[PDB]
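S.K.: Could you have a look at this structure, given as structure tokens, before my questions?
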Amino acid sequence: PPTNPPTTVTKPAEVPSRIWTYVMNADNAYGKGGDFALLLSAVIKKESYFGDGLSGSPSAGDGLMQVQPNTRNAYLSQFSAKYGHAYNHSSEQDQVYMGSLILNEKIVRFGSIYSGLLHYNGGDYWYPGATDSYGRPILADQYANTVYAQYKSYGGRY
């Protein structure tokens with residue numbers, strides 16, 4: 001279906017339309033021409049399953065991009081400065097805005113998509129065999145591999 005303008009990135013079929021709108025808004029905030037939306041779609045698929053994959057997880061309450069309470073707290077002032085309003089955890093749009101701010105930070109700071117993803121999953125000090133607060137194995141390398149491949153499969157250009 002032809003768009004005005006022609007550059008409009010097409011939603012992957014498997015990405016729910018509510019999620020697409022969240023990630024497009026985030027993409028707009030970072031001027032990424034729709035490419036970041038594709039990356040964010042891949043991340044959200046892995047983290048939650050667009051919200052469907054959280055039931056029974058001990059970190060279910062962390063929402064769509066699985067930002068831990070202490071991390072959300074650390075980034076409150078920066079979120080407000082970037083987006084113009086206080087972070088509201090009950091808002092799925094905000095959850096995505098917060099996660100995407102953190103992910104953008106990692107990508108910019110470490111200099112690549114792959115490192116952004118690895119560090120988004122494991123933090124800045126990840127090692128093989130590392131463990132999160134709940135005692136779950138953090139497979140940061142596999143995460144980066146999976147999510148990057150998914151981003152590419154979605155038609156990511158970088």
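To be explicit about the labels: the chains of the structure tokens are called A, B, and onward in the order shown, and within each one the residues are counted from 1, while ligands get numbers from 1 in the order they are shown.
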For residue 156 in chain A, work out the shell of residues within 12 Å, counting only C-alpha atoms and skipping chain neighbours fewer than 3 positions away, then give it as a list in words.

M.R.: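 Listed by chain and then number, they are residues 9, 10, 11, 12, 32, 33, 34, 35, 36, 37, 38, 39, 40, 41, 42, 113, 147, 148, 149, 150, 151, 152 and 153 of chain A.
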
S.K.: Within 12 Å of range 15-20 of chain A, which residues of range 93-146 of chain A show up? Give each one with its shortest atom-to-atom distance in Å (one decimal) and the two atoms involved, counting only C-alpha atoms, rows by chain then rising residue number, as a Markdown table.

M.R.:
```
| residue | atom | partner | partner_atom | distance |
| --- | --- | --- | --- | --- |
| A:93 | CA | A:19 | CA | 8.5 |
| A:94 | CA | A:19 | CA | 11.8 |
| A:95 | CA | A:19 | CA | 11.1 |
| A:96 | CA | A:19 | CA | 8.8 |
| A:97 | CA | A:19 | CA | 11.7 |
```

S.K.: Using only C-alpha atoms, find the one residue out of A:115, A:76, A:157, A:22 that sits nearest to residue 91 in chain A.

M.R.: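 Of all the options, A:22 lies closest to residue 91 in chain A.
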
S.K.: Could you pull the residues within 8 Å of residue 105 in chain A, counting only C-alpha atoms, minus those fewer than 4 positions along the same chain, as a list in words?

M.R.: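 After dropping sequence-adjacent residues, the list is residues 101, 109 and 116 of chain A.
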
S.K.: Taking 5 positions as the minimum chain separation for residues in the same chain, which residues sit within 12 Å of range 130-133 of chain A when counting only C-alpha atoms? Answer as a ChimeraX atom specification.

M.R.: /A:58-59,68-70,121-125,138-141

S.K.: Keeping only N, CA and C atoms, write the selected residues as a PDB file, in the first residue's frame.

M.R.:
```pdb
ATOM      1  N   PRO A  58       8.899 -13.274  37.189  1.00  0.00           N
ATOM      2  CA  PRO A  58       9.048 -12.461  38.397  1.00  0.00           C
ATOM      3  C   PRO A  58       9.269 -10.975  38.084  1.00  0.00           C
ATOM      4  N   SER A  59       9.662 -10.669  36.848  1.00  0.00           N
ATOM      5  CA  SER A  59       9.885  -9.284  36.427  1.00  0.00           C
ATOM      6  C   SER A  59       8.755  -8.778  35.524  1.00  0.00           C
ATOM      7  N   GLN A  68      14.190  -2.369  34.831  1.00  0.00           N
ATOM      8  CA  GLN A  68      14.087  -2.673  36.264  1.00  0.00           C
ATOM      9  C   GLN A  68      13.768  -1.411  37.071  1.00  0.00           C
ATOM     10  N   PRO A  69      13.063  -1.549  38.219  1.00  0.00           N
ATOM     11  CA  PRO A  69      12.633  -0.379  39.003  1.00  0.00           C
ATOM     12  C   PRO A  69      13.758   0.622  39.307  1.00  0.00           C
ATOM     13  N   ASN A  70      14.925   0.123  39.725  1.00  0.00           N
ATOM     14  CA  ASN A  70      16.076   0.987  40.039  1.00  0.00           C
ATOM     15  C   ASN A  70      16.629   1.729  38.827  1.00  0.00           C
ATOM     16  N   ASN A 121      20.785  -5.708  27.611  1.00  0.00           N
ATOM     17  CA  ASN A 121      20.370  -6.916  28.305  1.00  0.00           C
ATOM     18  C   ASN A 121      21.153  -7.209  29.591  1.00  0.00           C
ATOM     19  N   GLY A 122      22.474  -7.053  29.545  1.00  0.00           N
ATOM     20  CA  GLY A 122      23.326  -7.434  30.675  1.00  0.00           C
ATOM     21  C   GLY A 122      23.895  -6.318  31.539  1.00  0.00           C
ATOM     22  N   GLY A 123      23.646  -5.069  31.156  1.00  0.00           N
ATOM     23  CA  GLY A 123      24.293  -3.933  31.813  1.00  0.00           C
ATOM     24  C   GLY A 123      25.696  -3.735  31.259  1.00  0.00           C
ATOM     25  N   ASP A 124      26.443  -2.808  31.854  1.00  0.00           N
ATOM     26  CA  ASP A 124      27.763  -2.427  31.336  1.00  0.00           C
ATOM     27  C   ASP A 124      28.894  -3.371  31.759  1.00  0.00           C
ATOM     28  N   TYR A 125      28.588  -4.286  32.677  1.00  0.00           N
ATOM     29  CA  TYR A 125      29.605  -5.123  33.326  1.00  0.00           C
ATOM     30  C   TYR A 125      29.299  -6.611  33.206  1.00  0.00           C
ATOM     31  N   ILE A 138      21.725 -14.431  32.572  1.00  0.00           N
ATOM     32  CA  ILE A 138      21.681 -13.385  31.554  1.00  0.00           C
ATOM     33  C   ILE A 138      22.556 -13.815  30.378  1.00  0.00           C
ATOM     34  N   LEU A 139      21.909 -14.086  29.247  1.00  0.00           N
ATOM     35  CA  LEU A 139      22.581 -14.563  28.042  1.00  0.00           C
ATOM     36  C   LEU A 139      22.764 -13.401  27.061  1.00  0.00           C
ATOM     37  N   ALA A 140      23.471 -12.366  27.510  1.00  0.00           N
ATOM     38  CA  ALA A 140      23.577 -11.099  26.771  1.00  0.00           C
ATOM     39  C   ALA A 140      24.044 -11.242  25.322  1.00  0.00           C
ATOM     40  N   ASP A 141      24.997 -12.140  25.082  1.00  0.00           N
ATOM     41  CA  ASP A 141      25.508 -12.378  23.732  1.00  0.00           C
ATOM     42  C   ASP A 141      24.447 -12.984  22.805  1.00  0.00           C
TER      43      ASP A 141
END
```

S.K.: For residue 47 in chain A, which of A:84, A:64, A:98, A:23 is the closest residue, counting only C-alpha atoms?

M.R.: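 Using only C-alpha atoms, the shortest distance to residue 47 in chain A belongs to A:64.
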
S.K.: Taking 3 positions as the minimum chain separation for residues in the same chain, which residues sit within 10 Å of residue 78 in chain A when counting only C-alpha atoms? Answer as JSON, numbers by chain.

M.R.: {"A": [74, 75, 81, 82, 83, 84, 86, 87, 98, 101, 102]}

S.K.: Enter the distance from CA of residue 14 in chain A to CA of residue 71 in chain A, in Å, rounded to one decimal.

M.R.: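 Calculated distance between CA of residue 14 in chain A and CA of residue 71 in chain A is 29.0 Å.
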
S.K.: Distance CA of residue 50 in chain A-CA of residue 144 in chain A, one decimal place?

M.R.: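 A separation of 18.0 Å between them.
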
S.K.: Between CA of residue 65 in chain A and CA of residue 46 in chain A, what is the distance in Å, rounded to a tenth?

M.R.: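 So the answer is 8.7 Å.
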
S.K.: Out of chain A, which residues get helix (DSSP H, G or I) from DSSP, as a ChimeraX atom specification?

M.R.: /A:17-30,35-47,60-62,69-74,76-83,92-110,113-122,140-153

S.K.: Print the selection's residues with C-alpha atoms to a file, as a CSV table (one decimal), in the first residue's frame.

M.R.:
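New file again_18.csv:
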```csv
chain,number,residue,atom,x,y,z
A,17,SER,CA,-0.3,-2.3,15.7
A,18,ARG,CA,-0.5,-0.9,19.3
A,19,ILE,CA,3.2,-1.6,19.7
A,20,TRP,CA,4.1,-0.1,16.2
A,21,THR,CA,2.5,3.2,17.3
A,22,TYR,CA,4.6,3.2,20.5
A,23,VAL,CA,7.9,2.5,18.7
A,24,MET,CA,7.2,4.9,15.9
A,25,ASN,CA,6.6,7.7,18.4
A,26,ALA,CA,9.9,6.8,20.0
A,27,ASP,CA,11.6,6.7,16.6
A,28,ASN,CA,10.2,10.2,15.9
A,29,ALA,CA,11.8,11.5,19.1
A,30,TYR,CA,15.2,10.3,18.0
A,35,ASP,CA,14.7,2.3,11.5
A,36,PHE,CA,14.8,2.5,15.4
A,37,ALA,CA,11.1,1.5,15.4
A,38,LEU,CA,12.2,-1.8,13.7
A,39,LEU,CA,14.9,-2.3,16.3
A,40,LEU,CA,12.6,-1.5,19.2
A,41,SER,CA,10.0,-3.9,17.8
A,42,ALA,CA,12.6,-6.7,17.9
A,43,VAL,CA,13.6,-5.7,21.5
A,44,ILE,CA,10.0,-5.7,22.7
A,45,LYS,CA,9.3,-9.1,21.1
A,46,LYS,CA,12.3,-10.6,23.1
A,47,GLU,CA,11.7,-8.7,26.4
A,60,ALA,CA,6.4,-9.1,34.8
A,61,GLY,CA,5.7,-5.7,36.5
A,62,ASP,CA,8.6,-4.1,34.6
A,69,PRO,CA,12.6,-0.4,39.0
A,70,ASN,CA,16.1,1.0,40.0
A,71,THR,CA,16.9,1.7,36.4
A,72,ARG,CA,13.6,3.5,35.7
A,73,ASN,CA,14.3,5.6,38.9
A,74,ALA,CA,17.9,6.5,37.8
A,76,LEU,CA,13.5,9.9,35.7
A,77,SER,CA,14.9,13.4,35.2
A,78,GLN,CA,16.4,12.5,31.8
A,79,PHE,CA,13.1,11.0,30.7
A,80,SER,CA,11.2,14.2,31.6
A,81,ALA,CA,13.8,16.4,29.8
A,82,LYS,CA,13.6,14.2,26.6
A,83,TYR,CA,9.9,13.7,26.5
A,92,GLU,CA,2.8,1.5,27.8
A,93,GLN,CA,3.9,4.4,25.5
A,94,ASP,CA,6.1,5.7,28.4
A,95,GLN,CA,7.5,2.3,29.1
A,96,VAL,CA,8.7,2.2,25.5
A,97,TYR,CA,9.9,5.8,25.6
A,98,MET,CA,12.0,4.9,28.8
A,99,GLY,CA,13.4,1.7,27.3
A,100,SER,CA,14.2,3.4,24.0
A,101,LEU,CA,16.0,6.2,25.8
A,102,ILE,CA,18.1,3.7,27.7
A,103,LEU,CA,18.8,1.7,24.5
A,104,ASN,CA,19.7,4.8,22.5
A,105,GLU,CA,22.1,5.7,25.4
A,106,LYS,CA,23.9,2.3,25.1
A,107,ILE,CA,24.1,2.5,21.3
A,108,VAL,CA,25.5,6.0,21.3
A,109,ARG,CA,27.8,5.4,24.3
A,110,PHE,CA,29.3,2.1,23.1
A,113,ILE,CA,23.8,-1.5,17.6
A,114,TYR,CA,25.2,-4.9,18.7
A,115,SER,CA,26.9,-3.5,21.8
A,116,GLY,CA,23.8,-1.5,22.6
A,117,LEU,CA,21.7,-4.6,22.7
A,118,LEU,CA,24.3,-6.7,24.6
A,119,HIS,CA,24.7,-4.0,27.2
A,120,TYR,CA,20.9,-3.3,27.2
A,121,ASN,CA,20.4,-6.9,28.3
A,122,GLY,CA,23.3,-7.4,30.7
A,140,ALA,CA,23.6,-11.1,26.8
A,141,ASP,CA,25.5,-12.4,23.7
A,142,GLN,CA,22.6,-14.6,22.5
A,143,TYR,CA,20.2,-11.8,23.2
A,144,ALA,CA,22.3,-9.4,21.1
A,145,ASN,CA,22.5,-12.1,18.4
A,146,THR,CA,18.8,-12.9,18.4
A,147,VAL,CA,17.5,-9.3,18.6
A,148,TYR,CA,20.0,-8.1,15.9
A,149,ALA,CA,19.0,-10.9,13.5
A,150,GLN,CA,15.3,-10.1,14.2
A,151,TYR,CA,16.0,-6.4,13.5
A,152,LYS,CA,17.7,-7.3,10.2
A,153,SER,CA,14.8,-9.7,9.4
```

S.K.: Identify which of the residues A:63, A:158, A:127, A:56 lies closest to residue 88 in chain A, counting only C-alpha atoms when measuring atom-to-atom distances.

M.R.: A:63
